[PDB]
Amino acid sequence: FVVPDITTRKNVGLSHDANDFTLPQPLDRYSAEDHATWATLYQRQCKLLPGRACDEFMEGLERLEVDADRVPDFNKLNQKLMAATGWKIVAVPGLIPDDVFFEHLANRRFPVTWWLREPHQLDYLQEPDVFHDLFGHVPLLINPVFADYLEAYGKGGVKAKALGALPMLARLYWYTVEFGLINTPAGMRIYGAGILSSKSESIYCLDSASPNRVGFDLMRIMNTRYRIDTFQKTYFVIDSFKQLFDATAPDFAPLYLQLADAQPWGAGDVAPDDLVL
């Protein structure tokens, strides 16, 4: 049997822009159970993350006044985010067209899936939800270097799309925004949103001998496959957000064409030039 998925169920009776896929955050659809699920997730992650998340992430939660006890009101958070870095968040139904996603980032708008997983799905949801998108991704938007990296990434979508290279950018996003690590004198820390919202990938990614921790290298990353339904086999480690921003400022066009004819690395491979940490 085919049954409707969670995105379809949650969005019953609601609409989205056929173009930019933005809707007003539907506050009246959050049930008491939803605010409780949020509070449970928020509490779980805030217990787990000290000494694991990078300091900028934890300070962003506080500076943005991300609610501990209910799903946040996006308008309220936006007042703080706008004053910090001129960003805002926009509600979307769930996954959106790539060109829309890029155009949002290019214009300093971060798309956030509005709805929340059900309490039976507390431990893990495959689809992004509001907890993953808001709690995992938004705190670092108050950091001006990281926010400029996202805007720059957004602006690159047009060139990538024109050259059939969106998957090569998607790999860079996955291995930075979603699953990145950042080294510090106090030890390795986490900045990827997919780790920061996870029940236990923050533990594996720092504590396990199993994954590879490889120094960031733009061409390697854009030539590396990833999988979405398993802990990462490789994490890429930056030294600073200023590195994402700088390492990723050259013209990507000749890089895409060189990659377009290469065979990519598997998700668990170690490449001959990898600085392995």
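Residue indices: 1-based, along the sequence shown.
Remark: stretch with higher mean C-alpha B factor among 47-55 and 222-230 is 222-230. The mean C-alpha temperature factor is higher for 24-32 when 24-32 and 38-46 are set side by side.
Between the residues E118, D133, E201, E151, it is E118 that shows the highest Cα B-factor in the PDB record.
Sort the chain's modelled residues by C-alpha temperature factor and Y175 lands in the lowest third, per the entry. Among the modelled residues of its chain, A249 has a C-alpha B-factor that falls in the highest third, as given in the PDB entry.
Ranked within its chain, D98 lands in the highest third, by CA B factor from the PDB record. Per-chain ranking of the deposited C-alpha B factor places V12 in the middle third. Among the modelled residues of the chain, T184 sits in the lowest third by CA temperature factor in this PDB entry.
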